[PDB]
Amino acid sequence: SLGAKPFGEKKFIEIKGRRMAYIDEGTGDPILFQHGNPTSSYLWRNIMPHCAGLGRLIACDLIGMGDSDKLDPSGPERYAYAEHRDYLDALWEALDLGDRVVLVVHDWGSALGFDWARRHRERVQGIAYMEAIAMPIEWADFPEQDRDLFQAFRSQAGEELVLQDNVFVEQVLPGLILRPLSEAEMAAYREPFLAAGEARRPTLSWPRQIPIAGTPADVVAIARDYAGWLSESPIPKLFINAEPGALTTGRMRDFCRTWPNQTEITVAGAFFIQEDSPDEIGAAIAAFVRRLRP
C-alpha cells in the first residue's frame, strides 16, 4: 500500500568518523535496498514490507543524505562518487552481510551497487535494478526536453539552482512522479536538505557525476567496468522497467536487455517509480527472492 510512514526507525553506525543511518529489519540473508539522488532509505518504505520474512531487509542512507551525517566542511569537491563509495563500502562491511546478498538498486544506488557487486561478486546472490546507470552515456540519451536542465546542473548555474533554490528536492523529484506527493512525503524528502547552502551539495554533486560524453573520466571508467562485467555475469538479475518512464530515450534499456540470466518486468511510473507502483515493485522483488531462496 501507499503511505507516508517510514518502514522502520533508524539505527546508526559510525563510519570513518561520521554517523551513518540505516534501516535493518528481520533475520536471514540480506536484501539491500539502495536509494539514489535526491532520495534516502525513505524511498523504499512501501516496498520493503512485501519482502517481510524473506530475509534481512536493509536500507542505508548515503553519506550527506537522509539521516546520515553531512561531510563538513563541504564545497565543490565534496560528495563525489568515489567518496560516497568509500563510506558505503565501509558501512556494508560493518553490517556483516554474509555471502548471499540480494541487491535492490536505483539511480545512483545502482552505480554504487553495481560496482560493489563487481568487486564482491563472490557474495552476490541476485541483483534487482531500476533507473539504472548501466553504462556511460551521451547527451543524446536524454530526451531533448531534459537536456537544458541537466546541462545547467553541470554548469555554474547549478549552484544557485541547488544550493539556493533546492530544485532537485522541490521540483525534479515531484516532477518525475505521476502521483502528487503529500505534504508529509515532501517533508520527509526535504528534511535532510532544509538548510540553504552545502547541506544540499549531495543533490548537486550527483548530476555532476553522471558519466556523459566521457566526463567525469573516473566515473566513466567505473561504469565501463561494471557494464562489461554485468553483460557477461551469470548472477540472476531482475530488470524493473517503467512505463512511460523518464529521462532516457532507450539506448541504455536496450543494453540492459542483453544482460544474462535476467527477468524483466514492467511497472507504471516515470522516474521515481517507487512512489507510483510500490506494490508492483515489491511483489516483483519478493517473487524474485523467493525463486533464489526456495
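Counting begins at 1, following the sequence as shown.
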> Per the PDB record, is the mean Cα temperature factor higher over 189 to 197 or over 102 to 110?
Replying inline: 189 to 197
>> Please compare 256 to 264 with 23 to 31 and name the stretch with the higher mean C-alpha B-factor in the deposited structure.
In response: 23 to 31
> Per the coordinate record, which of the options 57, 230, 43, 238 holds the highest CA temperature factor?
Replying inline: 57
>> Can you tell me which of 182, 125, 166, 205 has the maximum CA B-factor listed in the PDB entry?
In response: 182
>> Lowest, middle or highest third: which one holds residue 209 when the chain's residues are ordered by CA B-factor from the entry?
In response: lowest
>> Per the entry's values, where does residue 279 land by CA temperature factor relative to the rest of its chain, in the lowest, middle or highest third?
In response: middle
>> What third of the chain does residue 250 rank in for C-alpha temperature factor, lowest, middle or highest?
In response: middle
>> Splitting the chain's C-alpha B-factors into thirds, which one does residue 79 fall into?
In response: middle
> Mind checking which third residue 150 falls in for C-alpha B-factor across the chain?
Replying inline: middle
